[PDB]
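*Asks:* Pasting in a structure now, in structure tokens, and then I'll have a few things to ask.
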Amino acid sequence: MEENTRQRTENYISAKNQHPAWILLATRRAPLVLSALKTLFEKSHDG
Amino acid sequence: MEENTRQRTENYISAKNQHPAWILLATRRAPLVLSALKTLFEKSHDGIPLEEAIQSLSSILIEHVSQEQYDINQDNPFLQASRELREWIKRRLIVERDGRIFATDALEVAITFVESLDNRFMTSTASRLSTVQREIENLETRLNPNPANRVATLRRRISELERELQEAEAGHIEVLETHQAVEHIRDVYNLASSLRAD
Amino acid sequence: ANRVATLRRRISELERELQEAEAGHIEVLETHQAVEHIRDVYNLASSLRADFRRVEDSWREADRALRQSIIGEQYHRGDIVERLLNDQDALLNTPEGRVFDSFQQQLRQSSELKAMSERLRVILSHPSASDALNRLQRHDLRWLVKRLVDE
DNA sequence: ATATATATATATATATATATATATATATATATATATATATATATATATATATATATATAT
DNA sequence: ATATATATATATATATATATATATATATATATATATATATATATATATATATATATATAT
């Protein structure tokens, strides 16, 4: 299981650098953007 | 509903400034800390005795000295582990009682976030849909206040199980397909895991 | 024999309940309890959508890999046919593929999906639903069955 | 033998000093976001050239 | 009467210019994390005084 431990920090290093959601949560202006986006898609589901 | 829209940015402004998990995800050094903490609490559920926890942490951090891109303790890894445990207690990530440290629910949510990110076994599974089907059946039969509706529901269900009993007395019963059992059981595990966090 | 005994105890349960119902003593879910009971139902469904969204990306990337490989000159016609067949067989066997395949099998057995949608329609009509969820969530859950078909 | 006073020894508490570790505050370096500027791309204004269908004149 | 060639009008496409907006790149200000230094707090070393239990001698 320790091999998963050693390899895991690579996964989290990559995601913190790459995956959209985590990058969004990281950025300073995250709350405004997230609230606005939630507001938009909330009131309709068809796109 | 627009009032909730106006008020909501206050909620998210507060959380981004205050709540532990979000602050942790924000910090530059988030991934190392999250991986180490997950490693610690993963292998035991009783809350680690503080000495054991700090020793295991000083062991884990040594593995990441190869990760030169973030802080490496040049002379005393044990001091580093103790300092990090102090710090994470300061951030309310870990609260310790009776000498046994525990992972605050905030850190539980934080780790549950990054876990669901990568290409993974997703929160859902194939059996999820059958689960919700059965649950909707049960809930509908419950909410139905008309008694004849319950009568008919009972009649159809008893007919179903009576057919199944006729089969079983003949020995034709069928098991869950072995491969299907894998994700079927993983689904059941996923369901109950929530109870702990709440 | 374990299935036999399970069936026997369960038929005893429903036989007791039928004896009660023929007398008219049936009991409803306590009105307040039905609120969180329905909300749990909604909470379960939310996952299905957010992983069909992941299935979308999985198939998109599989298709893009197929294209980028089809550029490969050395690929004989048989090689490209084999790559399509294998990339789809393997893709269907990942957890994404298992979820998608099970949902597809529901389509063959359509009557169950239709029954689920009908029951959902009956559920959100009850007064408890008004308290349980805002109208947006009632709108979504009722057309979850269709929404899976769309995705 | 009982009860009180003194000395003895043992145990513990306390006092001061040294060293080590933690915590708080300030300074510095680094990363992130914003803004400025340049250049390029999209659209639209104006007008010209070209292309198509029609109609008229000429030839069979 | 029909078919072929030329002139006409209409429609369209195209060319060039102006302004607007997008995108890319550079510089700036700012926030975050780290590190340095000070002071403070915790522990332990060394020794002294105090406190308790005991025994021994004295007085009744």
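Labeling convention for the structure tokens: chains A, B, ... as they appear, residues from 1 per chain, ligands from 1 in order of appearance.
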Applying 12 Å and only C-alpha atoms (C1' of nucleotides), which residues near residue 83 of chain C remain after dropping the ones on its own chain fewer than 5 positions away? List them as a list in words.

*Replies:*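 My list of contacting residues is residues 62, 63, 65, 66, 67, 68, 69, 70, 72, 75, 76, 77, 78, 88, 89, 90 and 91 of chain C.
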
*Asks:* Let me see the file: selected residues, N, CA, C and O atoms, as a PDB file, in the first residue's frame.

*Replies:*
```
ATOM      1  N   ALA C  62     -11.602   8.686 -26.022  1.00  0.00           N
ATOM      2  CA  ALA C  62     -11.427   7.451 -26.782  1.00  0.00           C
ATOM      3  C   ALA C  62     -11.525   7.720 -28.279  1.00  0.00           C
ATOM      4  O   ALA C  62     -10.690   7.256 -29.066  1.00  0.00           O
ATOM      5  N   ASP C  63     -12.541   8.480 -28.688  1.00  0.00           N
ATOM      6  CA  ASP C  63     -12.712   8.792 -30.103  1.00  0.00           C
ATOM      7  C   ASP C  63     -11.542   9.605 -30.642  1.00  0.00           C
ATOM      8  O   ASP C  63     -11.070   9.368 -31.763  1.00  0.00           O
ATOM      9  N   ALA C  65      -8.459   9.636 -29.551  1.00  0.00           N
ATOM     10  CA  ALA C  65      -7.329   8.727 -29.697  1.00  0.00           C
ATOM     11  C   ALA C  65      -7.477   7.875 -30.949  1.00  0.00           C
ATOM     12  O   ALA C  65      -6.502   7.660 -31.680  1.00  0.00           O
ATOM     13  N   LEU C  66      -8.688   7.381 -31.211  1.00  0.00           N
ATOM     14  CA  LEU C  66      -8.911   6.611 -32.429  1.00  0.00           C
ATOM     15  C   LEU C  66      -8.545   7.423 -33.662  1.00  0.00           C
ATOM     16  O   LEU C  66      -7.870   6.922 -34.569  1.00  0.00           O
ATOM     17  N   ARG C  67      -8.974   8.683 -33.710  1.00  0.00           N
ATOM     18  CA  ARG C  67      -8.620   9.524 -34.850  1.00  0.00           C
ATOM     19  C   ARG C  67      -7.114   9.709 -34.954  1.00  0.00           C
ATOM     20  O   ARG C  67      -6.522   9.472 -36.014  1.00  0.00           O
ATOM     21  N   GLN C  68      -6.475  10.135 -33.866  1.00  0.00           N
ATOM     22  CA  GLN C  68      -5.048  10.421 -33.936  1.00  0.00           C
ATOM     23  C   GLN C  68      -4.255   9.183 -34.328  1.00  0.00           C
ATOM     24  O   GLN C  68      -3.179   9.300 -34.925  1.00  0.00           O
ATOM     25  N   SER C  69      -4.765   7.993 -34.004  1.00  0.00           N
ATOM     26  CA  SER C  69      -4.098   6.769 -34.435  1.00  0.00           C
ATOM     27  C   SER C  69      -4.390   6.458 -35.897  1.00  0.00           C
ATOM     28  O   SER C  69      -3.543   5.890 -36.595  1.00  0.00           O
ATOM     29  N   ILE C  70      -5.586   6.805 -36.378  1.00  0.00           N
ATOM     30  CA  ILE C  70      -5.919   6.525 -37.773  1.00  0.00           C
ATOM     31  C   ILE C  70      -4.994   7.284 -38.714  1.00  0.00           C
ATOM     32  O   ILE C  70      -4.816   6.889 -39.873  1.00  0.00           O
ATOM     33  N   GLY C  72      -1.855   7.300 -38.349  1.00  0.00           N
ATOM     34  CA  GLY C  72      -0.768   6.350 -38.494  1.00  0.00           C
ATOM     35  C   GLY C  72      -0.779   5.606 -39.813  1.00  0.00           C
ATOM     36  O   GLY C  72      -1.710   4.854 -40.112  1.00  0.00           O
ATOM     37  N   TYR C  75      -0.742   1.590 -39.983  1.00  0.00           N
ATOM     38  CA  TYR C  75      -1.950   0.855 -39.633  1.00  0.00           C
ATOM     39  C   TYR C  75      -2.606   0.285 -40.881  1.00  0.00           C
ATOM     40  O   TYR C  75      -3.179   1.025 -41.685  1.00  0.00           O
ATOM     41  N   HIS C  76      -2.522  -1.031 -41.042  1.00  0.00           N
ATOM     42  CA  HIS C  76      -3.331  -1.706 -42.040  1.00  0.00           C
ATOM     43  C   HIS C  76      -4.812  -1.492 -41.745  1.00  0.00           C
ATOM     44  O   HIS C  76      -5.206  -1.113 -40.639  1.00  0.00           O
ATOM     45  N   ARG C  77      -5.638  -1.741 -42.760  1.00  0.00           N
ATOM     46  CA  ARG C  77      -7.083  -1.652 -42.576  1.00  0.00           C
ATOM     47  C   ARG C  77      -7.540  -2.553 -41.435  1.00  0.00           C
ATOM     48  O   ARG C  77      -8.321  -2.134 -40.568  1.00  0.00           O
ATOM     49  N   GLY C  78      -7.050  -3.792 -41.413  1.00  0.00           N
ATOM     50  CA  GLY C  78      -7.350  -4.676 -40.303  1.00  0.00           C
ATOM     51  C   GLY C  78      -6.911  -4.109 -38.971  1.00  0.00           C
ATOM     52  O   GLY C  78      -7.602  -4.274 -37.965  1.00  0.00           O
ATOM     53  N   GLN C  88     -13.274   0.165 -28.120  1.00  0.00           N
ATOM     54  CA  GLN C  88     -14.635   0.235 -27.606  1.00  0.00           C
ATOM     55  C   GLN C  88     -14.959  -0.876 -26.623  1.00  0.00           C
ATOM     56  O   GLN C  88     -15.627  -0.620 -25.617  1.00  0.00           O
ATOM     57  N   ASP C  89     -14.476  -2.098 -26.856  1.00  0.00           N
ATOM     58  CA  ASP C  89     -14.663  -3.152 -25.865  1.00  0.00           C
ATOM     59  C   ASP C  89     -14.039  -2.777 -24.529  1.00  0.00           C
ATOM     60  O   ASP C  89     -14.696  -2.879 -23.487  1.00  0.00           O
ATOM     61  N   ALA C  90     -12.780  -2.333 -24.536  1.00  0.00           N
ATOM     62  CA  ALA C  90     -12.113  -1.962 -23.293  1.00  0.00           C
ATOM     63  C   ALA C  90     -12.793  -0.765 -22.645  1.00  0.00           C
ATOM     64  O   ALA C  90     -12.959  -0.719 -21.421  1.00  0.00           O
ATOM     65  N   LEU C  91     -13.187   0.220 -23.452  1.00  0.00           N
ATOM     66  CA  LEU C  91     -13.847   1.400 -22.904  1.00  0.00           C
ATOM     67  C   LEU C  91     -15.145   1.010 -22.206  1.00  0.00           C
ATOM     68  O   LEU C  91     -15.463   1.524 -21.129  1.00  0.00           O
TER      69      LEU C  91
END
```

*Asks:* Could you please tell me, as a ChimeraX atom specification, which residues of chain A have an atom within 8 Å of chain B when using only C-alpha atoms?

*Replies:* /A:5-6,8-9,11-13,15-16,19,22,25-27,31-32,35,39

*Asks:* Between B:92, B:175, B:70, B:3, which has the minimum distance to chain E (counting only C-alpha atoms (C1' of nucleotides))?

*Replies:*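 Under the stated criterion, the closest residue is B:70.
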
*Asks:* Could you write out as a PDB file with N, CA and C atoms, in the first residue's frame the residues of chain C within 6 Å of chain B, counting only C-alpha atoms?

*Replies:*
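Ended up saving to part.pdb:
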```
ATOM      1  N   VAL C   4     -34.453 -19.597  -0.070  1.00  0.00           N
ATOM      2  CA  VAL C   4     -35.764 -20.121   0.304  1.00  0.00           C
ATOM      3  C   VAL C   4     -36.226 -19.495   1.614  1.00  0.00           C
ATOM      4  N   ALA C  21     -53.879  -4.617   5.730  1.00  0.00           N
ATOM      5  CA  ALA C  21     -54.446  -3.737   4.713  1.00  0.00           C
ATOM      6  C   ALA C  21     -55.877  -4.127   4.371  1.00  0.00           C
ATOM      7  N   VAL C  28     -49.250   5.462   6.717  1.00  0.00           N
ATOM      8  CA  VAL C  28     -48.462   6.249   5.777  1.00  0.00           C
ATOM      9  C   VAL C  28     -47.131   6.631   6.413  1.00  0.00           C
ATOM     10  N   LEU C  29     -46.180   7.002   5.563  1.00  0.00           N
ATOM     11  CA  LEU C  29     -44.963   7.632   6.049  1.00  0.00           C
ATOM     12  C   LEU C  29     -45.332   8.916   6.778  1.00  0.00           C
ATOM     13  N   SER C  47     -25.939  12.047  -8.228  1.00  0.00           N
ATOM     14  CA  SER C  47     -24.680  11.453  -8.665  1.00  0.00           C
ATOM     15  C   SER C  47     -24.737  10.998 -10.119  1.00  0.00           C
ATOM     16  N   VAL C  99     -21.286   1.605 -15.966  1.00  0.00           N
ATOM     17  CA  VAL C  99     -22.449   2.439 -15.673  1.00  0.00           C
ATOM     18  C   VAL C  99     -23.266   2.653 -16.941  1.00  0.00           C
ATOM     19  N   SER C 102     -25.047  -0.599 -18.066  1.00  0.00           N
ATOM     20  CA  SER C 102     -26.208  -0.905 -17.238  1.00  0.00           C
ATOM     21  C   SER C 102     -27.375   0.010 -17.582  1.00  0.00           C
TER      22      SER C 102
END
```

*Asks:* For chain E against chain A, which residues fall within 12 Å using only C-alpha atoms (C1' of nucleotides), given as a VMD selection string?

*Replies:* chain E and resid 30 to 32

*Asks:* Among chain A, which ones does DSSP assign to helix (DSSP H, G or I) (computed from the backbone)? Answer as a ChimeraX atom specification.

*Replies:* /A:2-18,20-26,30-42

*Asks:* Report, in Å to a single decimal, how far apart atom CA of residue 97 of chain C and atom CA of residue 54 of chain C are.

*Replies:*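 Distance reported for this atom pair: 10.5 Å.
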
*Asks:* For chain B, list the residues within 10 Å of chain D, counting only C-alpha atoms (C1' of nucleotides), and write the list as a PyMOL selection string.

*Replies:* chain B and resi 28+79+83+86

*Asks:* Give as an mmCIF file with N, CA, C and O atoms, in the first residue's frame every residue of chain C that touches chain A within 12 Å, counting only C-alpha atoms.

*Replies:*
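The resulting selection-v8.cif:
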```cif
data_model
loop_
_atom_site.group_PDB
_atom_site.id
_atom_site.type_symbol
_atom_site.label_atom_id
_atom_site.label_comp_id
_atom_site.auth_asym_id
_atom_site.auth_seq_id
_atom_site.Cartn_x
_atom_site.Cartn_y
_atom_site.Cartn_z
ATOM 1 N N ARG C 49 -26.109 11.984 -12.862
ATOM 2 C CA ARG C 49 -25.830 13.008 -13.861
ATOM 3 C C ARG C 49 -24.346 13.355 -13.893
ATOM 4 O O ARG C 49 -23.728 13.407 -14.965
ATOM 5 N N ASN C 134 -37.055 22.925 -3.533
ATOM 6 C CA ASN C 134 -37.504 24.016 -4.379
ATOM 7 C C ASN C 134 -37.983 23.467 -5.721
ATOM 8 O O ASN C 134 -37.670 22.339 -6.112
ATOM 9 N N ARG C 135 -38.759 24.284 -6.436
ATOM 10 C CA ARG C 135 -39.365 23.812 -7.676
ATOM 11 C C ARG C 135 -38.314 23.361 -8.682
ATOM 12 O O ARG C 135 -38.574 22.457 -9.482
ATOM 13 N N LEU C 136 -37.131 23.980 -8.669
ATOM 14 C CA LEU C 136 -36.087 23.587 -9.610
ATOM 15 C C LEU C 136 -35.751 22.109 -9.462
ATOM 16 O O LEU C 136 -35.640 21.378 -10.453
ATOM 17 N N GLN C 137 -35.579 21.652 -8.220
ATOM 18 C CA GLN C 137 -35.189 20.267 -7.988
ATOM 19 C C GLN C 137 -36.316 19.307 -8.348
ATOM 20 O O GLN C 137 -36.060 18.213 -8.861
ATOM 21 N N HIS C 139 -38.462 19.848 -10.720
ATOM 22 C CA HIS C 139 -38.398 19.835 -12.177
ATOM 23 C C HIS C 139 -37.291 18.908 -12.667
ATOM 24 O O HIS C 139 -37.498 18.105 -13.583
ATOM 25 N N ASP C 140 -36.107 19.000 -12.059
ATOM 26 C CA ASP C 140 -34.999 18.149 -12.484
ATOM 27 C C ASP C 140 -35.290 16.673 -12.245
ATOM 28 O O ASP C 140 -35.128 15.854 -13.157
ATOM 29 N N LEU C 141 -35.720 16.313 -11.035
ATOM 30 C CA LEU C 141 -35.852 14.903 -10.683
ATOM 31 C C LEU C 141 -36.891 14.213 -11.557
ATOM 32 O O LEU C 141 -36.682 13.084 -12.013
ATOM 33 N N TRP C 143 -37.768 14.810 -14.603
ATOM 34 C CA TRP C 143 -37.176 14.552 -15.909
ATOM 35 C C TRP C 143 -35.738 14.063 -15.819
ATOM 36 O O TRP C 143 -34.964 14.287 -16.755
ATOM 37 N N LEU C 144 -35.364 13.409 -14.717
ATOM 38 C CA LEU C 144 -34.087 12.707 -14.665
ATOM 39 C C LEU C 144 -34.076 11.531 -15.630
ATOM 40 O O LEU C 144 -33.066 11.262 -16.289
ATOM 41 N N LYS C 146 -35.664 11.100 -18.484
ATOM 42 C CA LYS C 146 -35.399 11.608 -19.825
ATOM 43 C C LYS C 146 -33.975 12.132 -19.937
ATOM 44 O O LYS C 146 -33.319 11.948 -20.968
ATOM 45 N N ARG C 147 -33.486 12.802 -18.891
ATOM 46 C CA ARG C 147 -32.174 13.430 -18.975
ATOM 47 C C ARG C 147 -31.068 12.401 -19.147
ATOM 48 O O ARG C 147 -30.079 12.665 -19.838
ATOM 49 N N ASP C 150 -31.084 11.582 -22.775
ATOM 50 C CA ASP C 150 -30.447 12.635 -23.559
ATOM 51 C C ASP C 150 -28.928 12.519 -23.499
ATOM 52 O O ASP C 150 -28.250 12.561 -24.531
ATOM 53 N N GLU C 151 -28.375 12.378 -22.294
ATOM 54 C CA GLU C 151 -26.924 12.419 -22.143
ATOM 55 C C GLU C 151 -26.255 11.260 -22.869
ATOM 56 O O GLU C 151 -25.206 11.438 -23.500
#
```

*Asks:* Could you give me, as a compact mmCIF listing (two decimals) with N, CA and C atoms, in the first residue's frame, the residues within 7 Å of segment 103-107 of chain B, counting only C-alpha atoms (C1' of nucleotides) and dropping anything in the same chain fewer than 4 positions from it?

*Replies:*
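What follows is the written file around_39.txt:
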```txt
# COMPACT_ATOMS: atom_id res chain seq x y z
N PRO B 20 -11.99 25.90 7.00
CA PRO B 20 -10.67 25.27 6.87
C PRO B 20 -10.42 24.62 5.52
N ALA B 21 -11.31 23.74 5.07
CA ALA B 21 -11.04 22.95 3.87
C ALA B 21 -10.70 23.83 2.68
N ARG B 92 -7.01 23.98 12.65
CA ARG B 92 -8.20 23.20 12.94
C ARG B 92 -8.37 22.04 11.97
N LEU B 93 -7.31 21.69 11.23
CA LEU B 93 -7.35 20.49 10.40
C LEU B 93 -7.41 19.24 11.27
N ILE B 94 -6.67 19.23 12.38
CA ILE B 94 -6.60 18.09 13.28
C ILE B 94 -6.79 18.57 14.71
N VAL B 95 -7.77 17.99 15.40
CA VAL B 95 -8.00 18.26 16.82
C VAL B 95 -7.68 16.99 17.59
N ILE B 111 -10.33 16.25 1.95
CA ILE B 111 -9.74 15.07 1.32
C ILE B 111 -10.76 14.41 0.40
N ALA B 197 -19.45 11.24 7.88
CA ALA B 197 -19.17 12.67 7.79
C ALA B 197 -20.27 13.50 8.45
```

*Asks:* Expressed in Å to a single decimal, how great is the separation between atom CA of residue 118 of chain C and atom CA of residue 156 of chain B?

*Replies:*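 Those two atoms sit 16.9 Å apart.
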